[PDB]
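Below is one structure; the comments refer to it alone.
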Amino acid sequence: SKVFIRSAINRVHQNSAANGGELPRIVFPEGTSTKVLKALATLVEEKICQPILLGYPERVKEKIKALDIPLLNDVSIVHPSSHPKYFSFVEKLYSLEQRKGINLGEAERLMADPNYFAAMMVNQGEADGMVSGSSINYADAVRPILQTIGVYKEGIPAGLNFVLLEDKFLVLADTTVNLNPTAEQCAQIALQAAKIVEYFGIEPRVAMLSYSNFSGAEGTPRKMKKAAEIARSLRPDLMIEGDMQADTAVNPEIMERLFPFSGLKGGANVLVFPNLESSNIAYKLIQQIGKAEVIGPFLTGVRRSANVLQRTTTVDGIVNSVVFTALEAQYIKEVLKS
Amino acid sequence: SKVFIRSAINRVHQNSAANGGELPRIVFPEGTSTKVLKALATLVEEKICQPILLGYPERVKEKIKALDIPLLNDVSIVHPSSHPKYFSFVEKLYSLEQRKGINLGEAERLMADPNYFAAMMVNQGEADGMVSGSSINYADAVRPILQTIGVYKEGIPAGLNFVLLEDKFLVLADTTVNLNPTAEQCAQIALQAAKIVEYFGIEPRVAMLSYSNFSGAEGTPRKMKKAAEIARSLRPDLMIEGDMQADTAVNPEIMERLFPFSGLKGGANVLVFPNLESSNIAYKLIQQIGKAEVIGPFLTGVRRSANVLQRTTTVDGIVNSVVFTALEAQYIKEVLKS
Amino acid sequence: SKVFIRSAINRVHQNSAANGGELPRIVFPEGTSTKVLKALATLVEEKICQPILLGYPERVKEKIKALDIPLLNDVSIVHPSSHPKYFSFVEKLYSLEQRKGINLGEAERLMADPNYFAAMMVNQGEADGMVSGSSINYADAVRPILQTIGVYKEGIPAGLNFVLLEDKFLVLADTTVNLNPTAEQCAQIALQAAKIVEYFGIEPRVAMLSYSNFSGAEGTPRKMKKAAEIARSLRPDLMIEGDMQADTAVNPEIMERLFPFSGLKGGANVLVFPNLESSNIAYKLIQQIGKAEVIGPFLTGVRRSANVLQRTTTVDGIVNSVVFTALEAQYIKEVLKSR
Amino acid sequence: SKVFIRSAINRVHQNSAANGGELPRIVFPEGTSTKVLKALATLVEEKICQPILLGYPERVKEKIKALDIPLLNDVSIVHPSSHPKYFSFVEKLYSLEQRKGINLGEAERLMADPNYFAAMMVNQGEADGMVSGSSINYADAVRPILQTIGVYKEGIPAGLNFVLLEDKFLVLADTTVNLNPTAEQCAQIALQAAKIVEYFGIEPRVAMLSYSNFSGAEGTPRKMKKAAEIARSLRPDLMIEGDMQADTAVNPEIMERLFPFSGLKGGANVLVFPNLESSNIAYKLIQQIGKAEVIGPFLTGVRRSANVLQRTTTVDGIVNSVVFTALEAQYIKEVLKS
Amino acid sequence: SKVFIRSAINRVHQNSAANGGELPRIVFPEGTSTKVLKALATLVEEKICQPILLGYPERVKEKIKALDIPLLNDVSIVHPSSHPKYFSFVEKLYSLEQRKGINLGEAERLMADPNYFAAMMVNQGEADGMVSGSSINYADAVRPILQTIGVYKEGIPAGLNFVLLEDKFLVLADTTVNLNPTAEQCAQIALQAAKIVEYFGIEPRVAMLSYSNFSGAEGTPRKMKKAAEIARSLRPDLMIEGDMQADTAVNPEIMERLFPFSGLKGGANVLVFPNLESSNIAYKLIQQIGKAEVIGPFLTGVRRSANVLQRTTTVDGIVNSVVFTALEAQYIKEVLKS
Amino acid sequence: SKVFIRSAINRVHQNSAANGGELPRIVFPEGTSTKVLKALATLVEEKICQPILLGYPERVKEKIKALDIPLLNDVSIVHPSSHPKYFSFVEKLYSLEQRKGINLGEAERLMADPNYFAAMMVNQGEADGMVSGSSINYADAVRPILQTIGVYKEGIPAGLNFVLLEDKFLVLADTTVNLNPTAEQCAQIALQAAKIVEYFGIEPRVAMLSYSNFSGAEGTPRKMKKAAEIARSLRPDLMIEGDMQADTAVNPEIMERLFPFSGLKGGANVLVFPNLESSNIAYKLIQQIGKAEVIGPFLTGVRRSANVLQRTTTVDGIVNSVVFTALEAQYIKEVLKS
């Protein structure tokens, strides 16, 4: 329920009150987006972020009034190629990609794209985070983030979703990025997801999912089994298990009845998938047919706070997303300070 | 929820009358299975089938007595190797597999196993159907069925599940058999699933699922796109579409909003998966954390009625499986009669 | 030298002539390109085409006056998203690409880009041809063209260059598109190049090039041998031979001394390459250290007239390319009329 | 051009003057080859080497007699199987190849062949160098050399050509040996070609060629980029760059205008190719339709002086090859000193 | 011929005496096998082991009486699931394979099979050795052994045969297990077979067989050449050579005449094969038409004494196999004592 | 078994007597080979062929005198490059191979080689057959034969051997040419061996060999099973069976006892192998350790009579080879006749 979301919002507020009442600056490349503007309407009342819109200030304000949203009257609106830092931004993209097939004119056009300008703003500290992708497909939204902000060391870019049940939440990954991760990659995805779960003061219990129950046969079963093993080696305090079926994974009673030798007791709260088909289809089906709220996807593995909305998002979806992006922004900022 | 199930039960009873009051003979290989016996208690109350249990008669009746299930007192009990037709069953399997690495002694040992004896019984018309796999893994349960009964022509063996929502039901396949079906195979899975949906007087609307929305890129998007094309060609009367995401697939509003050129209007009620990981994980997660009853899996494509319980089944699940196994047994009976 | 080009220019003029005097309309996506503007300066004096510039009309006219090029003051300038057919163009692109991962907003942004807009103009007959790619790399320039105009049936997109020697010309293909064409693809490239050579009233004589002389060993020698064979089957009237080395191919005397069984007599004037590396590197090296004129690349296999300049082009290069583009446009116009 | 050859000949004359007046012994397997005979007339009218002819003395001397070239005189003529060291040569070949499917009779028949005899002569110091391949195809011509003389450590056999422009010369490699070299191999070829350029007191400027300008995309662009990086690591003092197009490589002005971040200034004089097709077709087309004198190929990577004439060679071509073979024999001699 | 076999027999008598009066316990899963029983008749006459038969004791007794075999009236007969150690056996198998897809019921059902019970008996020391596989194919017989007894450190499971010539004996491997062993694997098989030949106080001279004589060509020639080199490195005192042909390998005169450089003199007595076709077909053809006695196969690489009979065996074959099973059991027993 | 060989010799005498007394002309490229000459001593006494020796006449006759072989100094001796037909032979090889990387000079050098010249003589009818390879390896001897004479339509070049037992002879193929023949190829080898066996008035009974008995598993079992199937379709009058083990194949009792459904009764006399390792090693092992005489290999599938001695041949071996070569030459000549 929205118990989880309100707890998150309050955690934002304790962080903000803990830092002089400052709010995180969040860039929205899609400054003219109906759904983004409506979500922001809700979001600026509850003091969750300082929003920054990208686009022509004129038609952004004209669509704000068209949409009848008066508390957006004053929000910062930035036109990328008109910004003072534009050309240095361009020189920085060009410098990082001139041996990946990009000439200076192309760097110019790319930096004029709000997605790239946003990613660069976050990289350059002109913002604390960004939220994009309501109007474009995921790959196109995420490419500038990966090229400009990039991943931290031994991290891997991986999408993550929360499934909110009455008792607890489950975490699902990688729901958006990697088609068919290796065992090593699957373990790294488990580690990132585990750390996220720990941030909420929850004990991570991790299952490596398969169509198989503890078979270890060639292909995905041995893949998920060996993923469990690698992960366990990297973090021996954790309950991490696989290969197993999904129902075996979440249902403690089934696990105990059928596989009492298993190291995973009490049901898994972290679900790592073997390929993008299973993760993507699963989160989306649970979101539409199940009676549980699903929030995300959230992009893990990267050096700064940047999340891509799924194109099928709702206005509430965007709201939840901006909330957790704000939390993330605050968290990364503290680490930078230290 | 149970409305659909009660509808099925009444169609079982309505078919049995107008067919001489006959109940389908359903053989259960696991004659001593607790979950099977308890489910059968419910099931013989409801006049759904004549159950035939396989095992050593004294051990069967003494566990019936242990569980104190007084109405499984007169059910038929068969011991495979003591049965009159045992020796001929052995010779028929031996003639079928003597060049697939199986000698006469091995055929004897195999036919003495209840799964194989059950499969043979059904193949030979000594039973109308079978239900197995409550105690063993799916692969092991399904093997004798496939070797002995086999598929009808241009069929493909594929598991299918029902998701029961308040207004409608969804169908998911292939949830159990094929690791990584080709486009041709996926199209066939869609056709089989389609006719199952038609049996209940529902119009089949088919989505070929992917992590992509109409991208047609190399790999899974291209596979499912071309699957949609083959399926459409074989049945130009059906709404069949892909490649698409799951939420796009089921939600008519999202579809209309984002992809109005689509041939699928009003949401899909048939969901065909690109690989076993995605189908298997999806049905089990929807079943465990959503709030829909999920029934199956049911083995489609095969010449006689034979379905394998998932190892994680409950007693109630076994009851549902037997209901639809009964319906299927009846249907296949009239076809044979023709 | 200057002979081949002046003959081409004169052929453009004889074509505009028994046609009402109409000049092909050629669209240029890069309305502000210095090199494009200088080339057009030279070319409009030569009466070969009606140029159309794409871009914001004020930045175009400001670049024209800055370069002090008075003969362009008159020329048509179009801004894609302001143009009347913009939205129907958007709808036609979307309809072409909505199952290739492109949504309507994406079709709009694409059509607002001059490369796509020019491609659609040419496709829709609002222009007779296009010349692009002075400022972007070849893959990016050529993509909108293939997606929009596309190939005619069993055609294959292939870059072609003229090597202009004192007596004769050589044609080189495929110099820009296919990384590693199959034997069937090499054959189709050869036929395309052949018909181009015939257009100038020359008999096409075709060599499938390799690092080997008539070995047929596995890999490329075998590929070019079977290419030579497929080509011959599809056109038994042409001298087509391979696998052979390049000097063997161009030099008639080497051929007759060393491989008299060869079906190619008198030196090849058509050179089909085994992979993109060899064709691309070869034409560029000949152009840089050779003392012969090299023209192109020209995009063959596509249903309408559309050519992509090499990014390393000079002003004269663009002049030549536009000339032969005007020619291609006239020809394709007549074919379109006929069908 | 003419100056280049004249200077090469003069550097031979200085090497000879620096050593008592000794000229390198060069073996010609093709003792009856017309082209070889005329070219030799020229070659020690100009004091370049002591030629050794291989063949049946009577017919080599009768074709010397036919063509009326008579300070080819008492020029040394050796018949392989008649030579005193013939059986010791036979055993040395046998020891080298008895585990490569070569028996004693086979070593005998092979050693009686002038190509093998020549190679062994050079290995054993009965000669200083060899020039062959006027009458047979390159692979066969080069095989005895690679088996008998071999490569120096971490050297790689690679054909090299000079394009003589009369401002400067270019080197092209590998034009004859390797079909599809790895990035590592491309790097080693670059090093070999660089040292040859240094021999003439010129700064080697090295381009790793492609159809791409600094893209690094999968396939050859990534290959040539990673070759340039490897070579730079092995030789931090050299301008080495890639991936790039050919005209980009040779033209300094194009490079500076379009790719100013490049580490290669003033145009490349060393061109390393991604595969044999491109190199072979390039050198040959330049030689036949440009107006630039091209000399070679010359075989680099081998432990002693040995070159293979392209069968399409001219008589002057042979003269040039012998000039540089003599140069190389001298260079190797002083390096052997210390 | 049989000189070798009774020498084998009385040396068995020599250990049984050298440790009191102990006879090895040898378990026979195939208690109702006619050929096994007839063989046991001969074998219990000559005091080589204490035989244990597996099966229902009375149908074993009925088959013993029918065949009129008076010396088996006394032999121990055990029914697996009636045995005291049965469930503990089940549980230790369950623990060994629970992550390789075997649940507790499956482990129960498997342990009820004589092959598995026999393997477990030998592993747990309720027997010293086992002989199986007369009635079932080799793969099925050898599986319980590999799962239960398994391989010793870096050993590899491999079948070995003796060809008994009048002057000498040859050993052939791997005749049963590996389809296409690598060069390393071939080397390990060679080392193992070598220690077997040494046990009989014979000097092992090892040939890595091929269709080639010292060619080292790609495929099998290279593989066997490198196998010889690895083997030689692992064991520098042994004559180990290849790649070579079979006649070259066994015939010393051919070896010296045609390949005198070879490091293997006097003919090979250890023959390692490149793939299973060649070894299997070779041993069988020699046994049938070669007019020589062939004994085995014997399973090498395994931690306890366990051998699988070929299905095509005779009674005499079974007799020989049991003899050497006893020998293997005793050697292993004493080194287990250590 | 000299009965079989003397039957062969006498059947030659009847063929030559039945066509005027003409003996087949057999070319021996190795005119100076000791073993070939000693063999010819035996062979010309018994009127088996008119031998033709290749080489320089003087050193041929001088080794004939050295070896003290008086019955040979009238035998015809041909020096290839001195022969009247040399140039026409050259142009014919050249026309055959000018597009396989062979130039006219290369055609000259090849034709001057005795192996090529012998092959061309036989091809062109200047001889009836050839025998070679006593002194070189099999691939090199067989190459000119395959290039010059070639295969008849849908034939495949395959080495065949006879194993001569008391009662029976066996045929083994392909023992020398194909590394890993497809099912189609194994079938074709079976047909070729079959017609050879029919020639001696024996009924061919064909087994497709494997390490498996009727398993049909992936790899070799499936291959040999489908080979058996194809062969049966191409020759419906023959008993042809597989996959089976070698002892299964040869032993009729093992066959009926264990696989009575098998189509092969009375033991196979034609053994087709799955790969070159197995055939080659089997053939050589039977020849060295089993004492049955082994004759061959003989090259089947080719348009004219040409056989290659194994390099390990004895003199007696060569005599046998020439005998059956003569027979083959006579049969082929009658085929040519009509």
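Every chain in the structure tokens takes a letter, A first, then B, and so on in the order presented; its residues are numbered from 1, and the ligands are numbered from 1 following the presented order.
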Please tabulate, as a Markdown table, the residues of chain D that come within 8 Å of chain F, each with its closest pair of atoms and the distance in Å to one decimal, counting only C-alpha atoms and ordering rows by chain, then residue number upward.
| residue | atom | partner | partner_atom | distance |
| --- | --- | --- | --- | --- |
| D:103 | CA | F:136 | CA | 7.9 |
| D:105 | CA | F:135 | CA | 7.4 |
| D:106 | CA | F:136 | CA | 7.3 |
| D:135 | CA | F:105 | CA | 7.7 |
| D:136 | CA | F:106 | CA | 7.5 |
What does the file look like for those residues with N, CA and C atoms, as a short mmCIF file (atom, residue, chain, number, x, y, z; two decimals), in the first residue's frame?
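What follows is the written file again-v1.cif:
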data_model
loop_
_atom_site.label_atom_id
_atom_site.label_comp_id
_atom_site.auth_asym_id
_atom_site.auth_seq_id
_atom_site.Cartn_x
_atom_site.Cartn_y
_atom_site.Cartn_z
N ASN D 103 58.81 -37.72 -44.14
CA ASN D 103 59.74 -38.83 -43.94
C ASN D 103 61.07 -38.58 -44.67
N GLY D 105 62.71 -39.97 -47.25
CA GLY D 105 62.65 -39.89 -48.70
C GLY D 105 62.05 -38.57 -49.13
N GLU D 106 61.07 -38.13 -48.35
CA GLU D 106 60.41 -36.86 -48.60
C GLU D 106 61.35 -35.68 -48.31
N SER D 135 58.78 -17.70 -60.55
CA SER D 135 58.15 -18.69 -61.42
C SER D 135 57.08 -19.56 -60.73
N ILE D 136 56.96 -19.44 -59.41
CA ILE D 136 55.93 -20.20 -58.69
C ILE D 136 55.05 -19.26 -57.86
#
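For chain B, the residues close to chain C, meaning within 9 Å and counting only C-alpha atoms, are residues 212, 213, 214, 215, 216, 217, 225, 243, 258, 259 and 261 of chain B.
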Please save C-alpha atoms of the selected residues as an mmCIF file, in the first residue's frame.
data_model
loop_
_atom_site.group_PDB
_atom_site.id
_atom_site.type_symbol
_atom_site.label_atom_id
_atom_site.label_comp_id
_atom_site.auth_asym_id
_atom_site.auth_seq_id
_atom_site.Cartn_x
_atom_site.Cartn_y
_atom_site.Cartn_z
ATOM 1 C CA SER B 212 9.892 -4.868 -26.526
ATOM 2 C CA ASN B 213 6.937 -2.987 -27.989
ATOM 3 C CA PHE B 214 6.832 -3.524 -31.739
ATOM 4 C CA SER B 215 10.577 -3.148 -32.257
ATOM 5 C CA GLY B 216 11.111 -6.295 -34.316
ATOM 6 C CA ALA B 217 14.827 -6.104 -33.426
ATOM 7 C CA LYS B 225 6.783 -10.514 -34.488
ATOM 8 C CA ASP B 243 5.954 -8.268 -30.638
ATOM 9 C CA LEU B 258 0.401 3.997 -27.617
ATOM 10 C CA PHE B 259 -0.067 1.659 -30.556
ATOM 11 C CA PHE B 261 -2.176 0.705 -35.583
#
As a compact mmCIF listing (two decimals) with N, CA and C atoms, in the first residue's frame, please: the residues near residue 169 (chain D) (cut-off 10 Å, only C-alpha atoms, same-chain neighbours under 3 positions excluded).
# COMPACT_ATOMS: atom_id res chain seq x y z
N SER D 1 62.26 7.26 -56.03
CA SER D 1 62.03 6.58 -57.32
C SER D 1 63.37 6.07 -57.85
N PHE D 4 65.65 6.92 -55.26
CA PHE D 4 65.54 5.94 -54.15
C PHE D 4 66.38 4.71 -54.45
N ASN D 161 55.50 -3.22 -48.93
CA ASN D 161 55.77 -2.53 -50.19
C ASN D 161 56.05 -1.06 -49.96
N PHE D 162 56.89 -0.48 -50.82
CA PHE D 162 57.12 0.96 -50.81
C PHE D 162 56.34 1.61 -51.94
N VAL D 163 55.62 2.67 -51.62
CA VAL D 163 55.09 3.58 -52.62
C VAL D 163 56.00 4.79 -52.63
N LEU D 164 56.63 5.03 -53.76
CA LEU D 164 57.62 6.07 -53.84
C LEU D 164 56.99 7.29 -54.46
N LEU D 165 56.66 8.25 -53.61
CA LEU D 165 56.20 9.53 -54.08
C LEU D 165 57.52 10.28 -54.02
N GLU D 166 57.66 11.41 -54.69
CA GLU D 166 59.00 11.97 -54.73
C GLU D 166 59.14 13.19 -53.83
N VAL D 197 61.14 1.77 -41.66
CA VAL D 197 61.16 3.20 -41.98
C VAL D 197 62.30 3.92 -41.25
N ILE D 202 63.90 8.07 -41.27
CA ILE D 202 62.64 8.78 -41.33
C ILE D 202 61.81 8.49 -40.10
N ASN D 269 53.06 7.64 -42.93
CA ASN D 269 53.92 7.04 -43.97
C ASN D 269 53.97 5.51 -43.85
N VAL D 270 53.28 5.00 -42.83
CA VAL D 270 53.14 3.57 -42.62
C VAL D 270 51.66 3.21 -42.58
N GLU D 293 55.75 4.85 -58.46
CA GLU D 293 56.51 3.60 -58.53
C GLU D 293 56.32 2.85 -57.21
N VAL D 294 55.89 1.61 -57.31
CA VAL D 294 55.80 0.73 -56.16
C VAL D 294 56.83 -0.40 -56.22
Practice item. Determine, counting only C-alpha atoms, which protein, DNA and RNA residues have an atom within 9 Å of an atom of residue 301 (chain D); residues of the same chain fewer than 5 positions away are not included. Present the result as a count of residues only. Key: 12
Exercise for review: Would you please extract all strand (DSSP E) residues from region 280-313 of chain E, as assigned by DSSP on the backbone, and give them as a VMD selection string?
Suggested key: chain E and resid 293 to 300 305 to 308
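Separating CA of residue 290 (chain E) from CA of residue 285 (chain F) is a distance of 8.8 Å.
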Exercise for review: Can you pull out every residue within 6 Å of region 82-90 of chain C, counting only C-alpha atoms, but drop anything in the same chain fewer than 4 positions away, and send it as an MDAnalysis selection string?
Suggested key: chainID C and resid 107:108 111
Check your understanding: Which polymer residues have any atom within 8 Å of an atom of residue 249 (chain B), counting only C-alpha atoms, with same-chain residues fewer than 2 positions away left out, as a PyMOL selection string?
Key -> chain B and resi 207+209+244-247+251-252+255+267-268+271
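Near residue 304 (chain D), within 9 Å and counting only C-alpha atoms, sit residues 122, 123, 128, 129, 130, 149, 150, 151, 152, 328, 329 and 332 of chain D; same-chain residues fewer than 5 positions away were not included.
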Practice item. Name the residues of region 156-321 of chain B that come out as alpha helix (DSSP H) in a backbone DSSP run; write them as a ChimeraX atom specification. Key: /B:183-199,220-234,246-250,252-258,276-289,315-321
Review point. Expressed in Å to a single decimal, how great is the separation between CA of residue 70 (chain C) and CA of residue 2 (chain C)?
Key: 25.5 Å
Practice item. Record the distance separating CA of residue 280 (chain D) and CA of residue 143 (chain D), expressed in Å with one decimal. Key: 18.8 Å
